[PDB]
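To start, the structure itself, in structure tokens.
Derivation of every value follows stated rules applied to the coordinates shown; laboratory data play no part. Every residue, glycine as well, gets a Cβ built from its backbone with ideal geometry; the counts of neighbours run over all protein chains shown.
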Amino acid sequence: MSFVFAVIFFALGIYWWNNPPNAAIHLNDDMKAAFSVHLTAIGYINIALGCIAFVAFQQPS
Amino acid sequence: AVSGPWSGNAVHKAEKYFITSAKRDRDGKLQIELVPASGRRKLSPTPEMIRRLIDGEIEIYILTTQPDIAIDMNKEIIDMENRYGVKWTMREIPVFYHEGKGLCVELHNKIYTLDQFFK
Amino acid sequence: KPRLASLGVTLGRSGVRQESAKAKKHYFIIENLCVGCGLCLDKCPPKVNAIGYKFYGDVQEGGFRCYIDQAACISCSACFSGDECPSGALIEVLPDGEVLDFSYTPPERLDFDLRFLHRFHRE
Amino acid sequence: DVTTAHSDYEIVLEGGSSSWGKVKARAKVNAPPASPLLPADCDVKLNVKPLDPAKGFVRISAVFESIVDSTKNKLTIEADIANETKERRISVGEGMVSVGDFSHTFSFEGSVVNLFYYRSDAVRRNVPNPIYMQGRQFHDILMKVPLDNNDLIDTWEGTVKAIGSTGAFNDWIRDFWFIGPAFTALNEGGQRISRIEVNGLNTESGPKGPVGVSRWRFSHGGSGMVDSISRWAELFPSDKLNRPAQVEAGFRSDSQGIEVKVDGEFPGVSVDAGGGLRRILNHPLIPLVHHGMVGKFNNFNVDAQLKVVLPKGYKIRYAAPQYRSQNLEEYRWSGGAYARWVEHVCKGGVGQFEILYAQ
Amino acid sequence: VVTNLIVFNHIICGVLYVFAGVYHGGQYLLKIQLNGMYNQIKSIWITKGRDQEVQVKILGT
Amino acid sequence: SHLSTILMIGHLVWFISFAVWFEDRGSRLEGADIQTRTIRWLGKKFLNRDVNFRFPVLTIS
Amino acid sequence: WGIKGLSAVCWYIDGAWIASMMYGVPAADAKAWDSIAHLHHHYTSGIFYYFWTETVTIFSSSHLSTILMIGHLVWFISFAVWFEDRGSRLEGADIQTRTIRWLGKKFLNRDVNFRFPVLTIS
Amino acid sequence: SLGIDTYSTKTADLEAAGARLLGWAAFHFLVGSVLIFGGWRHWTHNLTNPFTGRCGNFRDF
Ligand code: BCL
Ligand code: BCL
Ligand code: BCL
Ligand code: BCL
Ligand code: BCL
Ligand code: BCL
Ligand code: CLA
Ligand code: CLA
Ligand code: SF4
Ligand code: SF4
């Protein structure tokens, strides 16, 4: 999956190079506007990592 | 109706204007100039801008430290303060529209007219 | 094809290093607006004790206000400069008489919400 | 570097001889407006009510509520336009113009005459759907503005003085009448503004106060592109006004972008196309040619959906560009050819998009 | 014990990150309201949130 | 079973003092305003008759 | 406010009981839970009895107990700055800096001006 | 899980494992020193290639 993900991201990284997303354009103007949306996003990511490391770390595998 | 807090000043509920000078012409007519709270343009109380006052789109006020207010405002202001730093108090009098005389200031339970009020 | 002396302009992909990449005005408290928070008082220089306090009742009932002593005020515009005042009581009068309640005022606008005929925000 | 604009359209038509159609349009654009003052917002309202069927007279109203760089601007019009003949059309109306603390009212008695340089039978026989018709229009104007303000008097005194001292007033007034980019728009739509003619500039007393009065007359010619001249009969469906018709629209603009909302019913949306077939009215050319003037400054991506709703029993015979999908009586346009035609006409193109629906 | 030390670490941090994203984000919403750029934003991410009636409905629920 | 009920009640009473001793009096005044409007809005939509309560907040002193 | 759900996680992932403030105490029916609801596991303690049981192992460790004292010492000091007493500390600091000037001059020949500082509410 | 460390009672596995961790620690010391160096020049905009005298551009590279 380190190679499957490297294929998904590279394909996704080319689509956004040719077609950059226009969502939340106001963020491109100021650093803290974009830095805060990234931090609101990373926190839900970290909570998700915490919740899967609980289910997974005590799996039979 | 009314604009939101984001449009214009947030503290204001309706746009705010302050009568800044009340000099008179050769004929003795009172030339009133009122600038808005933002303060970048000069206006006079024309019927079109009075018409806004009938519907409360704007509100007009006068400072008590105005150079030509004619009436002895400081003495009266000093008396009320003593009743219930006293000198340097400043107030904003809310100008209102009286259909019979136009702009009047209800100062101390006594209606006044801008020409009567100002020098 | 001759030309003039070259213009040294290295802006794009180039191996060259880029560059780092007076008592004229007067101030006043509108006393009916003031809430006495004193944010203005702390911007006034302590050797010029212009702004001061005035008590007449219980503080929980707006019993106190701030006021500028004009006899000692030096018109340094420190209280006004910093947009401290939350009520508009602190105002400035320019040498030709305009009254400013705030240092910059956002522009006025109409207001309507934009919906769409067939997108997520329908009707 | 490309920005995105999203839009939705909708046309609902009735059956029989009815030309009545409901049009709704929503748009959202992310590029700055060409206006050198921002933010500039604007709401417009049009309502037309039939006064009497035999006379053909109708009452039209217009309200403009626009805030430009924090300056409230309002223009109000109430008029009575009726069909006199095939080329003449008289209108009687009153209105008000307010900018900030300034306002002035006006009353007008006016007639417009519209003539086609030629009227040939062969053009009608051999061309089933003509677009360009060459013509000219003549306006008779009797303005009545009371000089209530100090400024009005001064604008009038100045005007009279200017006429008296400057021989070239009929010519140089066209530099004032079309301010800024408005002057450039004239050449763009192939429209020629002729010199104004002042019949009279006389002050006549009114019960309220002195009333500056102007009686002027002008003309303007269209190479065919202009819709007022090329389509004089179609822009006034007075006789088809069985019930009141209203068009309501508005827009918000600033450094960030533009938001536009438009809605309203009116007749003339559907016109006979021959052989028993109906067809949506040909797109006005002047708006497209006028928007290509400001629409060519930012590369953009188009996201437009055009939902067309037809009457019961009524099915398209032909459309190009072809509808992406269909839902029984409703037909949809999005993507592919249509979002090329939108990119075409939003930048000033006038390419034809025709829908023929027969019972 | 190890499974609880890792799961909790990425959860407390996640929660802390979410709170700061909203804080540093509203820290930017203050800068725009003061400069008036708030009414100039076109993103559904700010436009659909500048109505006071809509706010008290969201907070109300 | 009774000495432990005191332990619970006594702890419950004590931490509630934090709500009125922290410098959150301005926050409580705003919050209540939302509650009064929210309750007024809920009553309005839910019942033909509109009933308001104007929720109160204690002063610092 | 987030300390509560941030603690409902700590309690729940340690096999603690959250349905009752008192589970497993030597009292009326606290130990009757495991059989009334037929639970396959036995939770360490209830919300209140959690502090008593979990801390038997903390008190046995000379370092886990140092954290208990340091961590508690840090926490209460928050009340000094979070309580609405910012003004009191300021007038107190004035007496502090006045007294130091007084003691330094009366005993020594030097002048001790430190101007004791106090934090602002924010 | 990655094989750098092993749960083995044998002292030999415990001695072999230690060499692996020491090797990964020295490796992270080298790569970390590169990222700090590549973090000083970027910070001071002194992003000059020491081998080829020519510097680079942030906007266009
Ligand atoms: C824009 C292209 C033409 C133009 C096109 C026409 C047309 C077409 C006619 C007039 C006629 C008139 N014109 Mg002209 N006119 C122009 C320039 C002028 C100028 C000027 C400032 O230079 C003046 C003073 C006039 C004056 C006049 C009036 C005497 C008269 C009625 C106007 C009216 O009631 O508007 C009402 C006030 C408004 C603000 C309306 C604006 C409407 C806009 C332009 C279109 C809206 C319709 C929308 C697309 C569809 C809506 C359907 C709803 C049912 C309404 N014209 C230019 C040169 N004029 C009319 C006539 O024949 O009188 C006998 C008429 O039929
Ligand atoms: C703790 C609760 C809040 C928090 C509350 C605050 C407060 C309060 C302040 C900031 C401020 C800053 N915050 Mg924050 N901030 C948090 C999480 C973060 C995270 C993150 C790790 O995800 C980052 C990258 C930032 C980023 C930043 C900068 C934009 C800014 C100045 C930093 C600085 O000089 O620190 C100090 C520099 C040091 C070298 C000290 C050590 C700091 C270490 C590296 C941690 C950085 C984040 C930490 C919260 C910074 C503030 C420490 C103060 C004691 C509160 N915040 C969480 C969500 N943040 C300030 C600002 O200007 O906001 C507009 C400010 O006043
Ligand atoms: C980047 C490409 C963008 C784009 C870029 C821009 C830019 C950039 C701007 C606009 C502007 C406008 N755009 Mg665009 N636009 C796009 C696509 C669209 C779409 C769509 C997706 O369907 C729509 C609905 C619009 C809509 C609009 C309007 C809100 C606006 C022009 C107003 C107008 O009609 O003034 C009509 C104007 C007049 C009638 C002239 C008035 C003055 C003159 C002097 C009057 C003389 C006439 C005479 C008096 C008339 C008759 C009198 C009566 C007969 C009595 N755009 C594309 C996708 N658009 C412009 C604008 O104004 O924004 C605020 C602008 O600057
Ligand atoms: C790509 C664009 C399309 C096109 C798009 C349209 C559209 C769209 C429409 C017309 C319409 C017209 N089309 Mg076509 N049309 C095309 C090609 C032609 C050809 C041809 C042999 O190629 C002819 C004869 C025509 C003919 C015509 C007219 C019947 C009519 C315009 C009426 C008018 O007033 O014109 C009369 C003539 C003129 C106005 C100009 C005079 C001709 C030119 C300027 C001079 C010819 C000189 C020639 C070389 C002779 C030698 C000169 C010697 C000295 C004698 N088109 C091209 C290929 N055409 C319109 C219509 O149907 O309305 C009824 C209209 O809406
Ligand atoms: C004095 C002005 C004139 C007038 C001048 C025009 C002009 C000029 C045009 C029309 C157009 C139309 N008119 Mg007309 N029209 C008038 C009165 C009428 C009457 C009537 C007498 O009862 C009827 C039945 C109509 C009906 C119609 C439609 C057939 C058509 C619009 C199609 C549509 O729905 O697009 C759906 C789109 C919309 C409704 C968008 C509307 C946007 C805003 C509200 C109007 C913008 C106008 C301009 C750009 C900006 C305002 C300038 C003003 C000075 C404030 N108008 C009066 C008499 N009308 C067009 C056409 O092709 O006619 C054949 C056209 O070009
Ligand atoms: C996936 C969303 C991302 C994120 C993406 C963004 C983006 C993008 C932006 C914000 C920005 C803001 N965000 Mg954030 N942000 C996140 C986390 C958070 C959380 C949180 C839940 O913990 C909060 C409270 C906030 C709070 C805020 C503010 C700090 C800031 C300005 C207010 C605002 O956007 O109003 C807007 C709120 C509205 C307009 C109202 C709600 C709009 C619609 C209704 C939301 C879609 C719901 C949809 C219908 C789904 C319904 C489900 C059913 C099936 C229908 N962020 C998460 C992880 N954040 C704005 C900014 O400028 O930051 C600097 C901004 O542009
Ligand atoms: C058990 C303690 C407790 C409770 C119930 C609340 C409840 C509340 N707080 Mg408070 N708060 C607390 C502790 C508590 N807080 C502490 C310790 C602090 C200091 C950090 C604060 C600081 C504080 C601030 C700064 C603000 C509030 C606000 C609010 C209100 C907004 C939440 C809401 O609408 O519904 C939340 C959901 C409920 C209330 C459900 C009810 C929960 C139980 C059933 C309540 C009844 C139990 C109660 C303890 C019974 C007492 C028994 C007696 C023997 C003591 C809400 C009434 C905000 C507000 O709007 O103020 C009005 C606000 O701005 N909180
Ligand atoms: C351990 C906690 C602690 C300590 C040391 C103090 C100390 C002090 N307080 Mg505070 N206070 C506390 C808790 C504490 N308070 C709490 C919880 C509240 C909230 C109710 C307050 C509310 C408060 C108010 C409202 C006021 C003060 C004031 C004062 C000062 C006046 C007493 C004096 O001059 O000497 C007292 C004697 C000493 C300080 C001797 C020193 C005691 C030890 C050795 C201090 C060093 C230990 C320290 C915890 C080390 C930290 C280690 C780190 C890991 C945390 C004094 C500096 C007054 C003042 O003048 O403000 C400046 C004042 O007005 N107190
Ligand atoms: S101008 Fe300067 S001295 Fe005068 S009141 Fe303001 S801050 Fe104080
Ligand atoms: S900052 Fe404003 S509210 Fe505070 S004391 Fe000064 S004038 Fe009054």
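Couple of notes before you dig in:
- Only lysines eight or more places from D:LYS296 in sequence, or on another chain, were considered; those with a Cα closer than 27 Å are D:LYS24, D:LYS28, D:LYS261, D:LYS307, D:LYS347, E:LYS42.
- Farthest toward positive dipole pole in the protein assembly as shown [+1 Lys/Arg, -1 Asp/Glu at C-beta], among C:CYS85, E:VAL2, D:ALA79: E:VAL2
- Average other protein chain Cβ within 10 Å of Cβ, residues B:31-41: 5
- Each Cα pair under 8 Å and six or more residues apart adds its sequence gap; the mean of these over the residue count of chain D is a relative contact order of 22 percent.
- The charge dipole of the protein assembly as shown, taken about its Cα centre with unit charges on the Cβ of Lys, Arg, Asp and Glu (plus for the first two, minus for the last two), comes to roughly 1720 debye.
- Couplings for the range D:301-317, taken from phi via the Karplus curve 6.51 cos²θ - 1.76 cosθ + 1.60 with θ = phi - 60°, read 10, 9, 10, 10, 10, 10, 8, 10, 10, 9, x, 4, x, 10, 10, 3, 8 Hz in order; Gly and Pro are left as x.
- Loop chymotrypsin sites (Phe, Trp or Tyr not before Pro), the range D:139-233 (other Cβ atoms within 10 Å of the site Cβ: 16 or fewer; DSSP): D:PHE178
- Relative contact order, percent, chain H [alpha-carbon distance under 8 Å, six or more residues apart]: 16 percent
- Within the same chain, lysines fewer than 8 places from D:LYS144 are excluded, and of the rest, those with a Cα less than 30 Å from its Cα are B:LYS29, B:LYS42, B:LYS101, D:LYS45, D:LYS49, D:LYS55, D:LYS72, D:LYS74, D:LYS86, D:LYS161, D:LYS208.
- ³J(HN,Hα), Karplus 6.51/-1.76/1.60, whole Hz, each residue of the range D:62-77, x for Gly, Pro: 8, 10, 10, 10, 10, 9, 10, 6, 6, 9, 4, 10, 9, 10, 10, 9
- For E:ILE44 and G:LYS106, the FRET efficiency from 1/(1 + (r/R0)^6), where r spans their Cβ atoms and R0 equals 56 Å, is about 0.20.
- Counting only DSSP H runs of at least 4 residues, each contributing -39500 (n - 2.57), and dividing by the residue count of chain E, the helix-based mean residue ellipticity at 222 nm comes to -25500 deg cm²/dmol.
- Against the main long axis of the alpha-carbon atoms of chain F, helix F:25-46 sits at an angle near 50°.
- Residue order, fewest to most surrounding Cβ atoms within 10 angstrom, among E:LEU34, D:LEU285: E:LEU34, D:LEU285
- Based on Cα contacts under 8 Å between residues 6+ apart, chain G shows a relative contact order of 16 percent.
- Check: the range D:1-50 dipole with +1 on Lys, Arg Cβ and -1 on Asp, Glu Cβ, in debye: 220 debye
- By the count of other C-beta atoms within 10 Å, a proxy for reagent exposure, D:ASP175, H:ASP5 are ordered fewest to most as D:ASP175, H:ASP5.
- Label-point gap, in nm, between D:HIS283 and D:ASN170 - each point 7 angstrom along Cα→Cβ: 4.0 nm
- Relative to the longest principal axis of the Cα atoms of chain H, the long axis of helix H:11-43 lies at roughly 10 degrees.
- Loop trypsin sites (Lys or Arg not before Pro), the range D:65-150 (other Cβ atoms within 10 Å of the site Cβ: 14 or fewer; DSSP): D:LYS86, D:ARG119
- By the count of other C-beta atoms within 10 Å, a proxy for reagent exposure, E:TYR28, B:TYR84 are ordered fewest to most as B:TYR84, E:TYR28.
- Shielding value for C:8-21 is 4, the average number of Cβ atoms from other chains within 10 Å of each residue's Cβ.
- For chain D, with +1 on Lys and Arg beta carbons and -1 on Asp and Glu, the positive-most of D:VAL44, D:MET225, D:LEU186 along the dipole: D:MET225
- Hydrophobic, long helices, defined as DSSP H runs whose alpha-carbon span along the helix axis is 24 Å or greater and whose mean Kyte-Doolittle value is at least 0.5, occur in chain G at G:64-82.
- Positive-end residue of C:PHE116, C:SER6, C:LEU41, charge dipole of chain C with Cβ unit charges: C:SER6
- Once both labels are positioned 7 Å from their Cα atoms along Cα-to-Cβ, the gap between A:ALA6 and D:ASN298 label points is 4.1 nm.
- Adding -39500 (n - 2.57) for every DSSP H run of four residues or longer, then dividing by how many residues chain G holds, sets the calculated 222 nm ellipticity at -18000 deg cm²/dmol.
- The label point for B:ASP68 and the one for D:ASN126, both projected 7 Å from the Cα toward the Cβ, are 8.0 nm apart.
- Eligible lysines near B:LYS75 by straight Cα distance, threshold 19 Å, same-chain separation 8 or greater: B:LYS87, B:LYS110, B:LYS119, C:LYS54
- Only helices enter the 222 nm calculation for chain C: every DSSP H run of n ≥ 4 contributes -39,500 (n - 2.57), and dividing by all residues gives -500 deg cm²/dmol, rounded to 500.
- Peptide D:109-118 - average C-beta neighbours from other chains (10 Å radius): 0
- Estimated FRET transfer efficiency when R0 is 45 angstrom, pair H:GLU15-G:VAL74 (beta carbons, to 0.05): 0.60
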